[PDB]
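Residue numbers (the entry's author numbering), protein chains in the order written: chain AA, 2 to 253; chain AX, 39 to 155; chain AN, 2 to 69; chain AG, 29 to 262.
Here the structure is laid out as structure tokens; the discussion comes afterwards.
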Amino acid sequence: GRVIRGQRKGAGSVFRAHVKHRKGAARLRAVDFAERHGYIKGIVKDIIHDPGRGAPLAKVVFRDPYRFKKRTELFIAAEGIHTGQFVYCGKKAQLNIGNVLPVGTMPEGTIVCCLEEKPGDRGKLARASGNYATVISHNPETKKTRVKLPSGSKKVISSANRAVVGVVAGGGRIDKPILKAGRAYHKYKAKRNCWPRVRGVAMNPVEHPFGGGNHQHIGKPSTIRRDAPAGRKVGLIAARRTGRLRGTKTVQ
Amino acid sequence: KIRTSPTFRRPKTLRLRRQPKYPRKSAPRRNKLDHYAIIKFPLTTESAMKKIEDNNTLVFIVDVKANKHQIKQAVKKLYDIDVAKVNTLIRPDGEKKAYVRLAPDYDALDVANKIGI
Amino acid sequence: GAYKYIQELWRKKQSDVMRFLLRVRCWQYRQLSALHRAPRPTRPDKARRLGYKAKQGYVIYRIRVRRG
Amino acid sequence: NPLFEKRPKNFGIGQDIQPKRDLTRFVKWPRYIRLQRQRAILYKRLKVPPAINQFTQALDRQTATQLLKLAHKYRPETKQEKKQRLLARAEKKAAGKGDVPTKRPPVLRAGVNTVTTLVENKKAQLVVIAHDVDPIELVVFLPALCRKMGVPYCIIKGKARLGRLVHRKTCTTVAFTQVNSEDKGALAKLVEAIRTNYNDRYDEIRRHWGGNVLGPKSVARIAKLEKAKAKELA
RNA sequence: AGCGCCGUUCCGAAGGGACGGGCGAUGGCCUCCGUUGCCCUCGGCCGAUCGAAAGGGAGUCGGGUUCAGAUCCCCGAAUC
RNA sequence: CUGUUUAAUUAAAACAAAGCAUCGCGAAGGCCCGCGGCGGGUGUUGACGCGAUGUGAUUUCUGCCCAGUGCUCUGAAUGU
RNA sequence: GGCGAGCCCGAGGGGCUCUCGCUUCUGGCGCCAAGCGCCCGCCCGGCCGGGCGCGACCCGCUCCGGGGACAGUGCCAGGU
Ligand SMILES: [Mg+2]
Ligand SMILES: [Mg+2]
Ligand SMILES: [Mg+2]
Ligand SMILES: [Mg+2]
Ligand SMILES: [Mg+2]
Ligand SMILES: [Mg+2]
Ligand SMILES: [Mg+2]
Ligand SMILES: [Mg+2]
Ligand SMILES: [Mg+2]
Ligand SMILES: [Mg+2]
Ligand SMILES: [Mg+2]
Ligand SMILES: [Mg+2]
Ligand SMILES: [Mg+2]
Ligand SMILES: [Mg+2]
Ligand SMILES: [Mg+2]
């Protein structure tokens, strides 16, 4: 039969991200001497709106200790920062909201965001609007630290990776209903073409594993495993359960 | 010596000037587009004739490989007259039409009678 | 005088004196490019019995292909 | 005296800028620089076989200076003095018609194909084996062959210095076969020390493995953990 | 296998420029200047290049003229 | 609901839609492309995100069955 | 090295054992070395223009971190 809708995402023809009007990739500073053995003053000049992102972007300018040139970077704007606040960064930086510092310095229960998986990749985990991570279980030997992620997973990471202290601003973004198709169309036109959302039962048999027949019924068990080939994994992909929840996660 | 920069690039090596052992075409290629080959036809129609009286301007048909400066030099080196300006168009048959307006010291009727049109 | 010793040392290419040099050369050549000019043959006996002579005009290219 | 003040700069973190330091160990080196440097480091890390750890166990510079002072006067002829001797001897045998003007020419031999033949036929009195040959397989059979044929061999560092006594870029081998009358004592004095160093210790060299040295950062880490273990045990 | 394909900053020794100083030489009216070579010093490209007759893009307007031209040609007045 | 569609026999009760849910995935990853490379899309992205589904505003509810077919967890204690 | 602390022996002093650094009220500025000490051609013990070192410690064998004989890659076999 025909190639399904799910297989067209890998071509990158019309399903790419709408990437021009974005301001830039939100990263931390590439780690160096001033952030591993001290701290350095930085000034947030203005916060801006990266399109396709509900979290605000912050434009923090630094000073280069090696050449006379003011370098400008793009942080994720933490909650409560304001233009003109001296955003500090480094190892021995004092714990305040906005100051990015490694997790080995901060105590347990420190609510941070925009942390790193590996030390030095400039911010990977907990970057969406209104999310945070919980820092627990430090270790003197075997430099590791548990972090509770926004999904509830407790990941053991290194002790040298960095994290901006605070939560990501823009929290509560999913509180308002979109309330019409128009704001959803403008939201997805800002983000990417992720919206040919057509029901797989309503579409044809030759184009989807579910559709067709004189009645709009699935006809097949929608719980389809991970060993299934491409064009087959539709519906519930490797579903360990279904139906209404009972507890929160029940996963060790 | 101290390498103060973390980036290593090519050193400025010595490049030799091209001093060939033999020329490669035995001779300079002669100028095919000379003064006698730039300016071909003096146009003698009604509108081209009206530019002699009412404009102090000759009309010529030029090979398309020439420009305003070569037309000006060709007129000054063939007809012994000075040129104020040269306007060029491409006539849609394929050739170039050049309206050569002369200096006010010269007379287009006299130049036309000397060239025979 | 020597090329028979070079040949017989190359034959048993699983011994410890050869496999170290072979592993070092495989690392050295894997970290190189795909097609490039080796200025002199690394196997002089094999190159000479295939037809290399040490004179101007014979060029050794070291080349890397993918197995399978 | 009037104004002439001192203007110091504080080079700490978060203040006045850092000066231009050496930056030697932090420059992005090219591919071939990294190739040869990690090649030397890889020879230091891995275990080399006992047939190539013979190399880097080589001749000291006093005996090498004595060896070069002996080898400098047995130099092979270059093209200029070769043609000079050919023209001179040809003119003398044409005019004076000399039957045997030269009895025996004393000159050494070069090249691995020549030296291996000379040690197989026991013509070699002394063998000089270069260190810096990039295919080591060309050279590895020669120490054991000179040992089993009883000819003394000395491993020397630098094939370019051996090429410059033969008027060539690389020489790789030098065989002393014929000695003069006033040089036999000096050659015996060299051969006695060379047999003391290399030939008499061949069963000692063949058992010893070379290389197997970790990086100095890892050695300092293991030494720090060893001092911590000794502090715990004491 | 291969015509070739992928990729556009990635795994690259991917700048042929310059304020200036020194040394040497040539040339013009060798006083005075203009050139050439060598050495020192300085100098992230966000990577060759293409891609809009509606995007960005300095500066011409008034009158008259032909059967057909017009901010283009003539006169007059300006600007880059 | 406003919207969209069988251009050239259908304009709809059809599709979409906000809302309600479910599942996979903490990047050496989830879902995909490619004949090929640790090559690409999501990704200038990081669970308030991405991908895949059922139902279809608001109000009130989401009955009972894991026998079957799927999906998933778990153990070399254990048949093949 | 104490403008800093430490933990003891202990009369000055000793380092069994460690902590490092010289920027936290402010939407300011910060580069192309001040200073010191040697060595050069010029005024008779005077003037100009230069070079070197300390400022900015010495040495070393991965650029620095995180994995690592696993993951992957090539072939073969069995599932789906
Ligand atoms: Mg909700
Ligand atoms: Mg939906
Ligand atoms: Mg739908
Ligand atoms: Mg249908
Ligand atoms: Mg099907
Ligand atoms: Mg050659
Ligand atoms: Mg262009
Ligand atoms: Mg018209
Ligand atoms: Mg007009
Ligand atoms: Mg109709
Ligand atoms: Mg993925
Ligand atoms: Mg409803
Ligand atoms: Mg039910
Ligand atoms: Mg490493
Ligand atoms: Mg390990």
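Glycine included, each C-beta is placed from N, C-alpha and C at the ideal position.
Give me whichever residues DSSP pairs with residue i in a beta bridge.
| i | result |
| --- | --- |
| AG:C174 | Answer is none; AG:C174 lacks a bridge partner. |
| AA:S160 | AA:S160 pairs with nothing; no bridge assigned. |
| AA:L58 | AA:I49, AA:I77 |
| AX:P80 | AX:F98 |
| AX:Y74 | Paired residue(s): none; AX:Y74 is not in a bridge. |
| AN:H37 | AN:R63 |
| AA:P103 | AA:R163 |
| AX:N125 | AX:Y137 |
| AA:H139 | AA:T146 |
| AA:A18 | AA:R193 |
| AX:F46 | Beta-bridge pairing links AX:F46 to no other residue. |
| AG:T201 | AG:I157 |
| AG:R137 | AG:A203 |
| AA:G43 | AA:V88 |
| residue 264 of chain AG | Since the first and last residues shown for chain AG are 29 and 262, residue 264 of chain AG lies out of range. |
| AG:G239 | AG:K75 |
| AG:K56 | AX:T45 |
Please list, in chain order, the chain AG residues whose beta carbon lies closer than 8 Å to that of residue i.
| i | result |
| --- | --- |
| AN:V25 | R67, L70, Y71, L74 |
| AN:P45 | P163, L166 |
Starting from the beta carbon of residue i, find every residue of chain AG whose beta carbon is closer than 7 Å, and list them in chain order.
| i | result |
| --- | --- |
| AA:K144 | Those do not exist, as AA:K144 stays about 14 Å from chain AG at its closest Cβ, beyond 7 Å. |
| AN:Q57 | None at all; the shortest Cβ gap to chain AG is about 15 Å. |
| AN:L22 | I164, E165 |
| AN:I7 | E165, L166 |
| AX:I40 | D50 |
In chain AN, which residues lie less than 8 Å from residue i when you measure between Cβ atoms?
| i | result |
| --- | --- |
| AG:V168 | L10, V18 |
| AG:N141 | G2, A3, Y4 |
| AG:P77 | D17, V18, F21 |
| AG:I80 | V18, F21, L22 |
| AG:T224 | Those within 8 Å of AG:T224 in chain AN number zero; the least Cβ separation is about 26 Å. |
| AG:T145 | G2 |
Anything in chain AN within Cβ reach of residue i, meaning under 9 Å, just list it in chain order.
| i | result |
| --- | --- |
| AG:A86 | Chain AN residues near AG:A86: none, gap ~18 Å exceeds 9 Å. |
| residue 286 of chain AG | Here chain AG has residues from 29 to 262 only, and residue 286 of chain AG is not among them. |
Exercise. What residues in the region 29-57 of chain AG bring their beta carbon closer than 7 Å to a beta carbon of chain AA?
Worked result: Taking 7 Å as the Cβ-Cβ cut-off against chain AA, the residues of the region 29-57 of chain AG that qualify are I41, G42, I45, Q46.
For this session: Would you be able to state if there are at least three C-beta pairs under 8 Å between the region 128-140 of chain AA and the region 179-193 of chain AA?
Result: Because the criterion of three Cβ pairs below 8 Å is not met, the region 179-193 of chain AA and the region 128-140 of chain AA do not touch.
Exercise. If contact means a Cβ-Cβ distance below 9 Å, which residues of the region 54-74 of chain AA contact chain AG?
Worked result: So the list reads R64, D65, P66, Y67, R68, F69, given in the order they occur along the chain.
Exercise. Quick one: any contact between the region 235-247 of chain AG and the region 73-86 of chain AG, if contact means 3 or more CB pairs under 8 Å?
Worked result: Touching, per the Cβ criterion.
For this session: Anything in the region 43-67 of chain AX with a Cβ closer than 9 Å to a Cβ of chain AG? List those residues in chain order, please.
Result: Of all residues in the region 43-67 of chain AX, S43, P44, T45, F46 have a Cβ within less than 9 Å of some Cβ in chain AG.
Exercise. Between the region 18-43 of chain AA and chain AG, which residues of the former have CB atoms less than 8 Å from a CB of the latter, in chain order?
Worked result: Taking 8 Å as the Cβ-Cβ cut-off against chain AG, the residues of the region 18-43 of chain AA that qualify are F34, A35, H38, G39, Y40, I41, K42.
Exercise. Given 8 Å as the limit, is there contact between the region 50-57 of chain AN and the region 97-111 of chain AG, that is, 3 or more CB pairs closer than that?
Worked result: Segment contact: the region 50-57 of chain AN against the region 97-111 of chain AG, fewer than three CB-CB distances shorter than 8 Å; contact not assigned.
Problem set entry | Nearest-residue set for ligand 6, Cβ under 7 Å from any heavy atom | That gives AN:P40, AN:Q57.
Exercise. Touch check for the region 109-125 of chain AX and the region 61-76 of chain AX: three-plus C-beta pairs under 8 Å?
Worked result: Yes, they touch.
Problem set entry | ligand 3 site residues, beta-carbon cut 7 Å against heavy atoms | Listed along the chain, these residues meet the criterion: AA:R198, AA:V199, AA:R200, AA:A203.
Exercise. Are the region 160-170 of chain AA and the region 205-214 of chain AA in contact at 8 Å, needing three or more beta carbon pairs?
Worked result: Short answer: they don't touch.
Exercise. Okay, do the region 197-212 of chain AG and the region 154-163 of chain AG touch, 3+ Cβ pairs below 8 Å being the bar?
Worked result: Cβ pair count under 8 Å is three or more, so yes.
For this session: Could you tell me whether the region 52-62 of chain AN touches the region 3-15 of chain AA, using the rule of 3 or more Cβ pairs below 8 Å?
Result: Not touching, per the Cβ criterion.
Exercise. Should the region 117-135 of chain AG be regarded as contacting the region 165-185 of chain AG, the criterion being three or more beta carbon pairs within less than 8 Å?
Worked result: When C-beta atoms of the region 117-135 of chain AG are compared with those of the region 165-185 of chain AG, fewer than three pairs fall below 8 Å, so the two segments do not count as touching.
Problem set entry | Contacting positions in the region 183-194 of chain AG - beta carbon closer than 7 Å to chain AN | Cβ contacts with chain AN come from no residue of the region 183-194 of chain AG.
Exercise. Are the region 138-152 of chain AG and the region 49-60 of chain AG touching by the rule of at least three beta carbon pairs closer than 8 Å?
Worked result: Contact check between the region 138-152 of chain AG and the region 49-60 of chain AG: fewer than three CB pairs, one atom from each, fall below 8 Å, which does not count as touching.
Problem set entry | Segment contact flag, the region 60-71 of chain AA with the region 123-132 of chain AA, C-beta cutoff 8 Å, min 3 pairs | Too few Cβ pairs lie closer than 8 Å, so no.
Exercise. Per the contact definition of three or more C-beta pairs closer than 8 Å, is the region 34-49 of chain AG in contact with the region 38-51 of chain AA?
Worked result: The region 38-51 of chain AA is in contact with the region 34-49 of chain AG.
For this session: Would you check if there are 3 or more beta carbon pairs closer than 8 Å linking the region 104-116 of chain AA to the region 148-160 of chain AA?
Result: Yes, the region 104-116 of chain AA is in contact with the region 148-160 of chain AA.
Exercise. Counting pairs of Cβ atoms below 8 Å between the region 65-74 of chain AA and the region 95-110 of chain AA, do you hit three or more?
Worked result: Touching, no, given that fewer than three Cβ pairs across the two stretches are closer than 8 Å.
Exercise. Is the region 132-142 of chain AX touching the region 82-95 of chain AX in the sense that three or more CB pairs, one from each, lie closer than 8 Å?
Worked result: The count of Cβ pairs closer than 8 Å, one atom from the region 82-95 of chain AX and one from the region 132-142 of chain AX, reaches three, so the stretches are in contact.
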